[PDB]
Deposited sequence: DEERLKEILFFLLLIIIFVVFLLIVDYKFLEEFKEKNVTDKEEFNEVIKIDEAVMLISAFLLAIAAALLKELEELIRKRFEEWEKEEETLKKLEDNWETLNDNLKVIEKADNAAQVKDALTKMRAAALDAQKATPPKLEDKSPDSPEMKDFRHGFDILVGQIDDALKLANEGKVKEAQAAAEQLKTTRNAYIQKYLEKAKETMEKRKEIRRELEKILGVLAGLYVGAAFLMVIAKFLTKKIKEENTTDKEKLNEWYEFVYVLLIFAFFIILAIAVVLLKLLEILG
């Protein structure tokens, strides 16, 4: 999973390096071809069949990169689904928490033993569910489970007192229950809430960065087809005028430097995705 993610971005970075090396080699060949200012047909049909090779390989590399990007998106979606499940479990635990608090209020406001017993029954069911509602060997996790064990034990004590008609002892047991709950489960609750908020923020920023990365790839792909169109609108037409030629000679330089700006942006985005993922 995480190791697979690290391997993907690693190999995506490697593909990026290969496509920037191929581009700079093509630029060097074009420069060395057109410094001499040779209008021979053989050199054009060969030193631009150099552009043809670069585009054939670079396009295959782009296809591999697109497949890797789709796999990366699938893994990110799996991570987001795991975070969604954890948030749902946290919501269930908070619901059980609210049930416990409501029934503690009811016990405080109660006057007879039947109301106390009913509230304690609801508390016991909520505490059992909350203990089970957890996604895992951290010390806080163990303290949470042990605290719910003690909490259900205190519910047992309060129920035992209530079944004997001792309402005041039941309220006292509920107060000790509140103290135990605060001392044991509150820290885990705070940690889970903080983790869920941080994960929501991370999800938002990763949705933004992935969108930017997909846009960068599609933009680079659009530049590549423009490169082929320009080369053969100039290749097959066997152009001869030097002014028409020079103009193209710059068009491609500006297109190549724009592709550089795009490729370095892709590199920095991939480095960002790695840092945020570890």
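Going by C-alpha coordinates, which parts of the deposited sequence are missing from this model?
In sequence order, there is one gap with no modelled C-alpha: 136-142.
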